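Structural features, examined
Here is how the chains run, residue by residue.
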Amino acid sequence: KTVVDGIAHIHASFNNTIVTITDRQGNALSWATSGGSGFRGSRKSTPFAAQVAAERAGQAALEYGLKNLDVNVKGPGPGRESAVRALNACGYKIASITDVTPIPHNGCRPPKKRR
Amino acid sequence: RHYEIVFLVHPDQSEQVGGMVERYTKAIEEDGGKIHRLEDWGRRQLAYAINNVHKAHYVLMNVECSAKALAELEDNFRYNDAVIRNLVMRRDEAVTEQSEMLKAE
Amino acid sequence: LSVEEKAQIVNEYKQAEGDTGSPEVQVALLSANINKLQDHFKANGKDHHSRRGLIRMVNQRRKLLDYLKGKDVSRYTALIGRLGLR
Amino acid sequence: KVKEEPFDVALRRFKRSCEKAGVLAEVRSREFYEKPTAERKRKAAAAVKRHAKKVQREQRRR
Amino acid sequence: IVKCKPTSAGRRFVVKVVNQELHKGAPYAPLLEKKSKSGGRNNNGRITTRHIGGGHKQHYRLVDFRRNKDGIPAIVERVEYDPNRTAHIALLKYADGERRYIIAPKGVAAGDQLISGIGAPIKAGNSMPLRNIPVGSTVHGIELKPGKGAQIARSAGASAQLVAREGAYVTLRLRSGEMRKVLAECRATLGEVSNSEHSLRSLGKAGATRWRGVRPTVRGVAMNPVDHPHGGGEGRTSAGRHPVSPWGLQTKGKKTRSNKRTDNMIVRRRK
Amino acid sequence: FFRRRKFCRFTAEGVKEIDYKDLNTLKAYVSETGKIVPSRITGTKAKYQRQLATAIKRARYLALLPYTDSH
RNA sequence: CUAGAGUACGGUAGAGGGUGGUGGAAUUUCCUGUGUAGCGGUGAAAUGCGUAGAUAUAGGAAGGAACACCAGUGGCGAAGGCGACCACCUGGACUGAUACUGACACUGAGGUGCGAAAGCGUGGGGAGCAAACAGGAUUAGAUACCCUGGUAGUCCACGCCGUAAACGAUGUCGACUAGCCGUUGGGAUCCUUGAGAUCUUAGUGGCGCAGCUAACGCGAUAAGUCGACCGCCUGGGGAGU
Ligand SMILES: [Mg+2]
Ligand SMILES: [Mg+2]
Ligand SMILES: [Mg+2]
Ligand SMILES: [Mg+2]
Ligand SMILES: [Mg+2]
Ligand SMILES: [Mg+2]
Ligand SMILES: [Mg+2]
Ligand SMILES: [Mg+2]
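Residues numbered from 1 in each chain as written, not as in the entry; some residues may be left out. Chains lettered and ligands numbered in written order. Part of a larger assembly, values for the part shown. Heavy atoms only, no water. Residues with missing side-chain atoms left out of burial classes, pairs and counts.

Its PDB record attributes the structure to cryo-EM, giving the resolution as 3.0 Å.

Along the backbone of chain E there are 1 helix and 13 strands. If you line up chain E on its principal axes, its C-alpha atoms span 70 × 50 × 40 Å. Across chain E, every contact between residues at least 6 apart in sequence was considered, and the portion connecting residues at least 24 apart equals 55%. (Helix = DSSP H or I, 4+ residues; strand = E, 2+ residues; numbered from the N terminus. Contact = heavy atoms within 4.5 Å.)

Before going further, it helps to examine the side chain of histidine 228 of chain E. All names here are of chain E. Mapped onto the secondary structure, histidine 228 falls in the loop between α1 (206-210) and β13 (266-268). Assessed through its relative accessible area of 6%, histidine 228 is described here as buried. Discounting residues that sit within four places of it in the chain, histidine 228 has contacts with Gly220, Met223, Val244, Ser245 and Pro246. (Buried < 20%, exposed > 50% of the residue type's maximum accessible area, 1.4 Å probe, protein only.)

The next subject is the nonpolar core. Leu46 and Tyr58 of chain B together with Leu26, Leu52 and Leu64 of chain F are the most contacted members of the largest nonpolar core, which totals 29 residues. Contributing elements (two or more residues each) for this core: β1 (6-9) and β3 (55-64) of chain B together with α2 (23-26) and α4 (46-61) of chain F. Here this core takes 5 residues from α4 of chain F, the largest share from any one element. Ignoring anything within four residues of it in the chain, the contact list for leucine 52 of chain F reads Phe10, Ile18, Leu26, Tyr29 and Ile36 of chain F. The next biggest cluster of nonpolar side chains, apart from the first, holds 25 residues, and it includes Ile21, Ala54, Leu66 and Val71 of chain A. (Core = buried A, V, L, I, M, F, W, Y, C linked by side-chain atoms within 4.5 Å.)

Here we take up the packing of aromatic side chains. This model, assessed by the stated rule, comprises 8 aromatic pairs over all chains. Seen from their ring centres, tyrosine 48 of chain B and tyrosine 67 of chain F are 5.6 Å apart, and the 85 degrees between their planes marks the pair as edge-to-face. Note that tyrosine 48 of chain B is positioned in the loop between β2 (34-45) and β3 and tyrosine 67 of chain F in the segment after α4, a pairing that runs across two chains. Measuring from ring centre to ring centre gives 5.3 Å for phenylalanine 10 of chain F and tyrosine 29 of chain F, while their planes differ by 35 degrees; the resulting arrangement is tilted. Placement of the pair is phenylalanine 10 of chain F in the loop between α1 (2-7) and α2 and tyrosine 29 of chain F in the loop between α2 and α3 (39-42), with a sequence separation of 19 residues. Judged by relative accessible area, which is 7%, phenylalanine 10 of chain F ranks as buried. The ring of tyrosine 33 of chain D carries the charged tip of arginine 109 of chain A above its face, separated from the ring centre by 4.3 Å. Directly above the ring of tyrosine 94 of chain E sits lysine 69 of chain E, whose terminal nitrogen or CZ lies 5.5 Å from the centroid. (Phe/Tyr/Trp six-rings, centres within 6.5 Å; stacked < 30°, edge-to-face > 60°. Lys NZ or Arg CZ within 6 Å of the ring centre and 35° of its normal.)

Looking now at the sheet that holds β13 of chain E. All names here are of chain E. Here 7 strands make up an open sheet; going across it, the order is β7-β12-β8-β9-β10-β11-β13 and the pairing antiparallel. Because the sheet does not close on itself, it has two edges, and the strands there are β7 (127-129) and β13. Pairs of neighbouring strands in the sheet enclose a mean axial angle of 45 degrees, with direction left out of account. Here strand β9 (residues 160-162) runs beside strand β10 (residues 169-173); their pairing, made up of 2 bridges, is antiparallel. Bridge pairing in β10 places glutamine 161 opposite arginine 173. (Pairing = 2+ DSSP bridges. Axes fitted to C-alpha atoms, helices over the stretch in contact; angles between N-to-C directions.)

Contacts are most numerous between chains A and D, taken over all 5 pairs of chains that touch. Chain A shows no contact with chain E. Their nearest C-alpha atoms sit 24 Å apart. Nowhere do chain C and chain E come into contact; their C-alpha atoms are at least 18 Å apart.

Here we have 6 strands laid out as an open sheet, ordered β3(A)-β2(A)-β1(A)-β4(A)-β5(A)-β1(D), and mixed in their pairing. Where the open sheet ends on each side, the last strands, each with one partner, are β3 (30-33) of chain A together with β1 (2-3) of chain D. In this structure, strand β4 (residues 68-74) of chain A lies alongside strand β5 (residues 93-99) of chain A, joined through 6 bridges in parallel fashion. By the bridge assignment, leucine 69 of chain A is partnered in β5 of chain A with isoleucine 94 of chain A. Packed on one face of the sheet, helix α1 (residues 47-60) of chain A meets β2 (17-22) and β3 of chain A and runs near 160 degrees to β3 of chain A.

Backbone geometry places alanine 239 of chain E, a non-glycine residue, at a positive phi of 55 degrees. Looking at where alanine 239 of chain E falls in the secondary structure, it is placed in the loop between α1 and β13. One non-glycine residue, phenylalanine 10 of chain F, lies in positive phi territory at about 85 degrees.

Residues and elements named next belong to chain E. Checked against the element boundaries, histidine 140 lands in strand β8 (residues 138-140). Of the residues examined, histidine 140 reaches a relative accessible area of 3% and is grouped as buried. At 3.3 Å, the side chain of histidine 140 forms a polar contact with the backbone oxygen of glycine 191. Every residue in contact with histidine 140, bar those within four places of it in the chain, is listed here: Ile103, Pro105, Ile152, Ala153, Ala158, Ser159, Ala188, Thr189, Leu190, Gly191, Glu192 and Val193. (Polar contact = N/O pair within 3.5 Å; in protein donor to acceptor, adjacent residues only side chain to side chain.)

Reports often express the size of an interface as the amount of accessible area lost when the parts come together. With 22 residues of chain A at the contact, the number on the chain D side is 17 residues. Among the elements of the structure, α2 (82-85) and β5 of chain A are those that each provide at least two residues to the side of chain A that touches chain D. Broken down by element, the side of chain A that touches chain D gets its largest block of residues, 6 residues, from β5 of chain A. A per-class count over the side of chain A that touches chain D returns 11 nonpolar, 4 polar and 7 charged. Pairing between β5 of chain A and β1 of chain D: 2 bridges, direction antiparallel. Residue pairing across strands places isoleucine 97 of chain A opposite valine 2 of chain D, the latter belonging to β1 of chain D. (Nonpolar A, V, L, I, M, F, W, Y, C, P; charged D, E, K, R; others polar.)

Here we come to the packing of helix α2 (residues 23-43) of chain C against helix α3 (residues 48-71) of chain C. All names here are of chain C. α3 packs onto α2 with a crossing angle of 150 degrees between their chain directions and a minimal axis gap of 10 Å. The angle between α2 and α3 places the two elements in the roughly antiparallel class. Considering how the two elements wind past one another, α2 and α3 form a crossing that is left-handed. Residue-level inspection shows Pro23, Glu24, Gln26, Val27, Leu30, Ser31, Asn33, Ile34, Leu37 and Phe41 of α2 in contact with α3, the latter providing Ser50, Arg51, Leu54, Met57, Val58, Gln60, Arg61, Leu64, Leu65, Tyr67 and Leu68. The class makeup of the residues in the contact of α2 with α3 is 13 nonpolar, 5 polar and 3 charged. (Parallel < 35°, antiparallel > 145°, perpendicular 65-115°, else oblique. Left-handed = near helix turned anticlockwise from the far one by under 90°.)

Encoded structure:
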C-alpha cells in the first residue's frame, strides 16, 4: 500500500503528547504517544518525550512512503513546537503548519478551579 | 415598513429564481407594498458550509409593505427548500438603487 | 403613541389656544397612552421594567387632576365626565 | 495557518503568528471556570494598571 | 382549571378542569351511535381485562380519522366533550354540508382549515401526507398504513416530532421517546391535541373513579396463596417472592415484546 | 499615526450609516484568522466600533465572512 | 410672572424589558471507515477507561446551555441586573429651536410593588458543571484540600420565598465653592487641510487648593458651606436570640 501527501496530527495535553499520521481521508497509518516511549511520570510531560514519540511515529510512516506532510498542531501543553522539529529530522517535506484548537465561543462551562 | 429582506437560495435552484422573485413580489403588490430595488448579486462562494454546500445565489431586495406581506414572506422562506438563509431588516428611511454591485463587478 | 394620535387629541381637547400645555391636554395624552398600553401588558405579563413607566404616568395624571381640582371645579368635572375617570 | 524556505524560519513564523493571533492564552483560560466576580476583578485590575501607566509615562515625558 | 374548597371530606382535593369554550349539550345526533359497556368480558364471558365495571351511559362519536376529503375547505362550528376520550372533538362543516367530528387541535373558536394534499402547510389542524412537510414539525394523529386512519398521538396533549426524511420512510420521535419509521404516504395532522390540561387533575375521592368505569384494584399481598403468587402469610408479609403478575409474569423490569415482525421499523428503543 | 487616520475613520466622510455589504471595507477590520480587530489598534471611535461590529456580525450570518480558520 | 415642574416637534446612543425564529466555534452521546497499545490523571501515584479494538483520526445524526474576538475606569436600568443576529410590541434618559400650562414642586410613618444567588410547589427538558454520595491517594487520623465517577440543582412555563460584603460599607431633592489630565454622546463658535482648537451641558475616571476628618482619606459624582423630609444608633457578651 502506497500513499503520499499525508497529514500529521499532534495532540499535546499537559501530561501527554499523541502523534498520529493520516491521509486526506483522515485514515490512521501510524500513531505514537509519549507514554509508549517509556516515561510514565514527570518525564512523560517533557517536550523531549514528544520528540521521541514524534520520531518513532515518523519511522513507521515510511512503510507507505509519505514524502510530504501537513502538520496540524493541537493543544496548549509542552511539546507543541518541539514535536514539529522531530518530524523533518526523519526526512519529511512539511508543506504547511496549521493551528487547530478547540476554542469555545461561550461553550460549556469548564471544571472548577483547583486549590 | 421599509424592510430590507435579504435571502439566498440553493445553488441548484439558481435557474428558477427569476420566476420566484416575481412570485414573491406579486403578493407584496397585492398587499400594497412598492418595491424600490431588486438586485441579484449572482453566484458566489460561501465562507463556510450550510447544509454541506459552498455556492449560493444571493438576492437583495428592499420592500415597503405592511405587516401582512411581512408575515407572508416570513412564512414562505421557512416552507421552502430552495431558500436556505434569510435576514429581514428594518430601516427608518428610503431606498437608493445600485448600492455596491458596480464596485463588486 | 403615534404623532397623528397625539395631534388628534391636541386638536380635540384644545382649550381655544392652539397649544399643548394645559392639563386638559396633558391628562388626555396620558389617559390615551394608558388605555393603549392595557393590551400590551395582557400579552407581556413579566415586562416589569416597562410596568414602571405606566405607574409614573398614572401618578403624573393623578397629580395633574389634583392640581386642576385645586383651581377650578367646573373644568375638573367637564374633563372627568368626558374622559370617564373616577 | 503557515505555509512554506528553511524550516527554522517557518517554525519562528508559526510561533509568532500563533502568539499574535491568540488561541494559546485563551486555552489556558478555559481550564477552570472563573466566577463573574473574579472576571470583574480582572477588569478592575487591568483598568487600574492601564490608566496608571498613562499617568506614569507623563512623568517620563516631563 | 379550578380548585374546590374543603366543604366536605371528598371536596378537599378535587381539582377540576373546567372549560367555557365547550358547547352546552345537544351533540350532532346523526354522528352518534349507542355503545354497550363490555365490563372487561369477552365473548366467552370470562373477565379478560380486570378492574373494569360500572360507569355512565355514553354515546360513541363517529370521529373522522381518515380525513379523505381533500381540497374542500372546512369551517369549525364548535368544540364538544367526548366521553370516551381525554381530548376534545371539533365539529366541522365543509363547503357543502357533510359535518364531521375530528380530534380538536389547539386551534379553537371557529377556525377554518383545509384537510388536503400540498395545500395550506402553515396552520395547525391541516391534514396532509408526511412527505410534504418540513422536518422538525410537531404532528399528531399519525396513521401507520394508507387508508387505515390515524393511529398514533391521539390522546390529550400528545404529539410527535419529525426528525429525518429518506427514501419512502420518514423517521419521527414518538411521545414515548421511541424512534420509529413510518411510510411517507401516511397522512398526519399538524399541531397538538387540545386538552393539554388533562395531566393537571385530581379525582379527589374514591367515588370519582367509579363513574369513570374503573373498578377497585386489590393488591396481591392481601390475598391467599391460592389466589395470587404473592399469596398470604402472617401479618403484612413483605412479598417474599420477586414481584410478579397474577399469572406468573415478572412485573418490575422484564421485557415483554415478542412481535419480531415490526422490529425493523423501530430505529431506537425507548429508554 | 496609522491608528489616527483610521478614525477619519468613518468620521471624515459622510458614511455614518455604514452597511454590512461593503466587504472591501469590512475586510480591513478583520484579522487574518477571522476575528474582528480591537479599537485601540485601528483607533476608530467607539460609536463606529459598535456600528461596525453589528455589520461584521450580519455579514457573518449571511456567510459573507468566515468565523474561524476551521472552516 | 417664568426662573422650579410638566406638555407639543425633530434626532440621536443604548447587554433597558417581554413574545418567537435563525445562526457558528466547542463539549458530550450514538453509528460507520482506517488504525494499534496504551489512554486519562497527579508533587508523584492509584481508582477509572483499554486489544470485547480504547485514545487519536475522518464522515453522519440527535440534544442542551452559553454567546470567543468586538470588550473599554464602555453603555443602559430606580435597584437587582442586562453581552450572538433578526421581527414584534414597549418604558425611560439624552441634544436643538419654537409654542404653551403657570408652582402643577421635594420628602414620606402606615401601605403597594420590583425582589442577585440559593430554596420550595406542579408540568417539561437532561450537553457540560456539580451540593449529597461512592472509590483512590495524602494523612497519626482526613468527615477536607488533590484525582475518577456522580444525583438534586443549574435550563424552560406559572406560583411562592423575602433574605446577601443587596457596597460608593455613604437615603432622596435644590443651590454656591481653585484647577489640571482622560473617556462615553449631543450640540455651538472657529482660519480651514486637520492626527483640528476653545466653551457649554448629561454621565463616567485619575490627581489636586481652600475647607472637613481622630487618621485613613473625600475634595462640582464632597465626607466643604447651607436648606426640606424620612429612617436609624446609645458599652461588650446574652442576642437580631
Ligand atoms: Mg341516532
Ligand atoms: Mg387495573
Ligand atoms: Mg391504585
Ligand atoms: Mg388474608
Ligand atoms: Mg388465614
Ligand atoms: Mg401459587
Ligand atoms: Mg439586612
Ligand atoms: Mg447597610
